[PDB]
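Take a look at the structure tokens below, where one protein chain is shown in two forms, each on its own, as structure 1 and structure 2.
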Structure 1
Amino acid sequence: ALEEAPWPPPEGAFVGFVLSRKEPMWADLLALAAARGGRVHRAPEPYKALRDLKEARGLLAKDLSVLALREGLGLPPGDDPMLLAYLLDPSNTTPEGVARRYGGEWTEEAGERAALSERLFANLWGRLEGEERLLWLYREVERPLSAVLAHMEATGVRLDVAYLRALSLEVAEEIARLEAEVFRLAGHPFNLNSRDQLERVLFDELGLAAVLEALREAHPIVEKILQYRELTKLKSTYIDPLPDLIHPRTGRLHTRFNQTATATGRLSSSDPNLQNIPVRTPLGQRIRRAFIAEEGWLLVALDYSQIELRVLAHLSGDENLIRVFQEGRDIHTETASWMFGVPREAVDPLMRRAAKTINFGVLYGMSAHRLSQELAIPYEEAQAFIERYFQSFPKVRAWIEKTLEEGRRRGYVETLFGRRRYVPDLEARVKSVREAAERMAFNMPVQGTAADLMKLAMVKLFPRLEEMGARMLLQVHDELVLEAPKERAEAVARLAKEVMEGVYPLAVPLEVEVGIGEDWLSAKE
């Protein structure tokens, strides 16, 4: 046991806390404690207790910072063992998981959480001090980012409830129509949500899991059904819930951001989860339209153009790919031109399509077999096309090979900045497993770097942003969403563009599309 001591603790103490709910902005602070030396300090009354701390230092610091901010206190997030653990091995994503792996237990008791933080920090910090690159990431990117996220989560984003309500009825209507059609193609009404009734109808005149249904695209009814499922999912996952997630004390929505969740270092969101809102789908766009600016403010949305290809270009050092970007020429057009040995002027739109497909196909995994189906071209030609590609960008092939070799030898792969991911499976004899590792192997450096760049961008942008009355609100994919006063907008945009594009010196220029509007959808123009 440790020695009890009265509140407050000397500065530099590690904080432990317990919430009544997982969402910081909605939870009630039940317990608060601090540890330093061999002592523990338990706060008599949690809320007031916060004011005695100059820095939330410990496990899940950001979360506490959020609660404090909603209470009008500027309590900054400090060192957090989670970040260190994550940097050591991206597998470390939850506090319970980390504790177990490193000798501690995660309990629902403030004091204990306070002690655990101290212990962990010392332990992991030692292990990190020898890693030049990782220490850099922790200090220059990770830690500072905590503050940023804290503010984002706390400020939140305004929603157009009126619009949401309306949209709900529209989709409900489309659903009814689809349902009607299904009945027509079935000859008799029935419950689409009922397994038994569905199965019978299918077997009724057809010869037979969403995958199963997808494969059974033989009768139009199956198509229409899947559409029904889709709309239903979206309506209940994004349209209907949103209004209910508006915090009473702010009038805005507070989506959660996690810093140590994805396997590649990309930020993830929850409640909702922007990541899964349909990209360029009529409905998806309509949902984005719900996110609006404050009365007298505007939304500035910045997006990175094909960052992954530019990153690849840099990591491979492929003269051709590099030239495409340095020359500012259309990537897909040039790809086609190369693959088919035809000058720009004669690029058939179908060639462009093929190129576009391959380009993306080589990024996410190595879309080999998929090519046939997605292109409706015979097997042989598909392989040839792939060959033509690497023939045009040799160094990309060389890079992929090198990456895997290094992976097998060292046991891990790393992003441009040094972030690492261990890949033991590259030596697996089981096909599917080894192939999975292989995808991950080259996906990691490309995606990881894209993530790192964005994070670096944010970190160094925040201070300057705050200098003007501007706010950082959302981050999804390779996109940032800001909020700024009507008269300041244009200026803020100009700044954001520069900062982002010049975040780090690449052999390829970085480009950012910028849009300003009253709502997210309008902004993206």
Structure 2
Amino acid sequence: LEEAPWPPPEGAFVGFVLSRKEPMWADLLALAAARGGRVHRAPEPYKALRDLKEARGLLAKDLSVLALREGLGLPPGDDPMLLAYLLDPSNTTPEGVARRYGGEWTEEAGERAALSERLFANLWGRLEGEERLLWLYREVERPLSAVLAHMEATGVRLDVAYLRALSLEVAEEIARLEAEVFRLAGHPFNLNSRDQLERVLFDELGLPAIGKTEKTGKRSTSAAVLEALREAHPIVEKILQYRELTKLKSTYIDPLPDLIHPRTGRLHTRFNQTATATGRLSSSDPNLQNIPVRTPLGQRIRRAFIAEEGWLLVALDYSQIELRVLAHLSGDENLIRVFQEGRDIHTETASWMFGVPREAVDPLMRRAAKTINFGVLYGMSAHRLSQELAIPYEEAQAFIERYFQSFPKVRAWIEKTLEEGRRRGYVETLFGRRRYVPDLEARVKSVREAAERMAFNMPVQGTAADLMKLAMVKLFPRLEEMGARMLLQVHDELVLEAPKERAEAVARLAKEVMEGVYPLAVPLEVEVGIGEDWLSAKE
């Protein structure tokens, strides 16, 4: 390519090099652009950023986030990663995509721009003819990247002092727990070392081993195993408490306060757009899609996530989303009738499990009930269900008998999906998002059956993802008009920030947009709450 002076012409493809992968924290080391047989290299990349109308290229969103960090409205445009990802969601990295579609991902901006230009050419050609993938790119993925860029740049406010205070409290309780364990062991050891724990539990103490680990064949010390051993010895219960507290301290309480951005004073995640096999987003650096919610300590952590002064959080969460999708994809009339007649399957299982009427079902019971229902749906063994519910095989068999008898045409949809996947090599969502599942014809039953479970899950999970993404696309411009913000997505939930004065309006509008995103044979239903913190906003 001819080296042309900087500034590029409109529509040029950008390439850029960051000191590190997180656009909110990175130094923009270099910036280049490519169009029509030329390459343009910025002498000063931060100043050169002002000349662009849009970020068009590989990882366009990341550059746009960094532009917003520096107060510039540079929205993301075409990204060959999004094209590769729609063709095959195993196309998740630029290293991989380049090798596949005609180049090499280097560390140099010029080359990254030229790569971006020619990869877009090649991948656009492959998507021609592929009209439904094309609709997804134009109407969902491409615009969603702009919405995510704004979410990432905005961040969420965290009560830092609270979390630091909470750390000292939890440290003390941890000391109490580890001291009891060592007493019960007759000696100290590193309780964070599962190998050392294995020896204590199974060699030194008498305790029976329940299972083995996958790769290396060690006697497992997992929560599942420890739960089964909970009466065998009093040490076990302390180990479970120790595990709870150290997980949350080490993953949430300690790291989060140190990730406050100095300019914003807020916490900034990355919403990864080409990371999953089903079309979901992921969140990383810090993952804010797995903030605790079950246990009392987890809930205390969730309270740290707060509204800006004089604003409120609005949390919107789809009700029984994948079940409703399943009713639509399958056409099971009994299951459609459940949702038209306004019944709640998670509470019905909860009342069954704990043996109490629906009026008396609490948060924990209902949560527990969700594992059971998605566990069973996506293929849990009788054996395993008998374990978690703590009942016999006969009983756990009989649960999974009725579950699927209730809803005849689910199994029929499962089989049609499996057959189509075997024939074409891929399965798809309601909108034609694909996942290639090659092992449906494997000769090893276990490999074949795992592949089957992945294959029938994807249309369901991915359709919910498609819906939520489309909902985000539609909702974002409406929020800007109202002076509200989209903060977080947690798969089937959204968290928004609204000025106090407008929070009720925002909530009503966001709920309608989410319920009417794309009507189905069953109604989509959204639960909404408003509060000063994340926990209160779904209380």
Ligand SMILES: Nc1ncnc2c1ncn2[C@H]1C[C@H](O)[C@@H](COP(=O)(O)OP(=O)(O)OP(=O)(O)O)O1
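Throughout, residue numbering runs from 1 along the sequence of structure 1. We call the rigid core the largest set of C-alpha positions that still match within 1.5 Å between the two forms.
Participant: Form solved in complex with this ligand, is that 1 or 2?
Facilitator: It is structure 2; that copy is the form solved in complex with this ligand.
Participant: Which of the listed residues (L198, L245, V161, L404) moves its Cα by 2 Å or more between structure 1 and structure 2 when the core is kept in place?
Facilitator: Per the superposition, the moving residue is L198.
Participant: After a core superposition, would you say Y389 shifts its C-alpha by at least 2 Å between structure 1 and structure 2?
Facilitator: It does, since the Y389 C-alpha is displaced 2 Å or more between structure 1 and structure 2 after the core fit.
Participant: By the 2 angstroms cut-off, has the C-alpha of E334 moved between structure 1 and structure 2 once the rigid core is superposed?
Facilitator: Moves: yes, 2 Å or greater.
Participant: Taking the rigid core as the superposition reference, indicate whether the CA of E223 shifts 2 angstroms or more between structure 1 and structure 2.
Facilitator: After core superposition, the displacement of the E223 C-alpha between structure 1 and structure 2 reaches the 2 Å mark, so yes.
Participant: If you line up the core, how far does the Cα of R288 move between structure 1 and structure 2, in Å?
Facilitator: Rounded to one decimal, the shift is 1.2 Å.
Participant: Core superposed, what is the CA shift for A496 between structure 1 and structure 2, in angstrom?
Facilitator: Here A496 registers a C-alpha shift of 0.2 Å.
Participant: For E380, what C-alpha shift in Å results between structure 1 and structure 2 following superposition on the rigid core?
Facilitator: Its alpha carbon moves by 4.2 Å.
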